[PDB]
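With the deposited numbering, the residue at position 45 of the sequence shown is 45, and numbering never jumps.
Written below as structure tokens is the structure these notes are about.
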Amino acid sequence: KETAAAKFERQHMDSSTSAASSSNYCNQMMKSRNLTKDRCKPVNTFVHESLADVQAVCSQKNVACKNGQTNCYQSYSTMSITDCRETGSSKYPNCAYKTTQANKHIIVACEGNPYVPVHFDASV
Ligand SMILES: Nc1ncnc2c1ncn2[C@@H]1O[C@H](COP(=O)(O)NCC(=O)O)[C@@H](O)[C@H]1O
């Protein structure tokens, strides 16, 4: 989605309503957020918190990134999230996902001025 920050909002933010989600949530959202255009993106996480709350994680607990960079941050509080995982029977362009709701700490990578999330690293 143009800027890395905009791409993070498109791929990972859903405070647009849902405090949680339904059984077809990932099927709809993986498609509507354009994560099934080129291929079936195999896994993706949506965060059901305010943009302000998720942007705030960039000033919280500094942790190592999976790629070995040092610009990752873990939320002090648990956040409402939805994990989407491509099913065994899923075949492009009919991408199929399991919708898993959870409350976990998020880990995001941050970059830029202003310093904002550009990558979803993990939930713990
Ligand atoms: N530590 C990191 N800082 C900035 N980007 C990072 C990073 N660790 C991994 N990435 C990026 O992870 C990307 C692939 O996943 P993604 O960034 O699309 N995933 C969430 C997002 O950023 O919206 C690659 O382009 C990497 O450059």
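Quick reminder that beta carbons are idealized off the backbone N, C-alpha and C, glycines included.
Own chain partners of residue i with C-beta closer than 6 angstroms, once the 5 adjacent residues on each side are dropped
i	result
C84	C26, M30, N44, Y97
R10	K1, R33
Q55	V116
Collapsed DSSP secondary structure at residue i in the structure displayed
i	result
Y25	helix
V108	strand
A56	helix
C-beta atoms of residue i and residue j nearer than 7 angstroms
i	j	result
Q101	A20	yes
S89	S50	no
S23	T99	yes
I106	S123	yes
Supposed close pair residue i, residue j - CB separation, criterion 8 angstroms
i	j	result
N62	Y76	Not quite, the Cβ-Cβ distance comes to about 12 angstroms (not below 8 angstroms), so this is no contact.
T78	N103	4 angstroms
Cβ-based neighbour list, residue i, same chain, cut-off 8 angstroms, excluding 5 preceding and 5 following
i	result
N71	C65, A109, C110, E111
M13	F46, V47, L51, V54
7 angstroms CB neighbourhood of residue i in its chain, flanking five on each side removed
i	result
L35	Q11, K41, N44
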